[PDB]
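**Q** Pasting a structure below so you can have a look.
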There are 2 protein chains.
Amino acid sequence: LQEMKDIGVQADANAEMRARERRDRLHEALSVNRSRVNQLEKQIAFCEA
Amino acid sequence: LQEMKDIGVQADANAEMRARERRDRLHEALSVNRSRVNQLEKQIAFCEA
């Protein structure tokens, strides 16, 4: 129980599913935003050249 | 010790230091590799054109 106080995380079953859903949708959104950025930078680099 | 084998990690302090050092040298080398590839790609696209 002291180890639980040291890590300082509530980790409720409801909180766990909610946390993974938000961070997983965020991981895919980051990958999509970064892919758009890379695509637009390649197009812009081609336009410059 | 069974829990330590269920999480599947050796967890030795001397190995922890050696592992982090080897990974950090590789992370630094990879960052340099990406940068080199980006400038040489610019050179390639420009010189070919």
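As shown in the structure tokens, the chain order sets the letters A, B, ...; within each chain, residues go from 1, and ligands are also counted from 1 in the order they appear.
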After least-squares alignment of chain B to chain A over all Cα atoms in order, what RMSD do you get?

**A**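 Pairing the C-alpha atoms in order and fitting gives 1.1 Å.
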
**Q** Could you write out as number ranges by chain the residues of chain A within 9 Å of chain B, counting only C-alpha atoms?

**A** A: 45-46, 49

**Q** Give me every helix (DSSP H, G or I) residue in chain B, going by DSSP on the backbone, as number ranges by chain.

**A** B: 2-6, 13-48

**Q** What's the separation between CA of residue 28 (chain A) and CA of residue 40 (chain A), in Å to one decimal place?

**A**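 Calculated distance between CA of residue 28 (chain A) and CA of residue 40 (chain A) is 18.4 Å.
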
**Q** Please, what distance in Å, to one decimal, runs between CA of residue 30 (chain A) and CA of residue 30 (chain B)?

**A** 21.4 Å
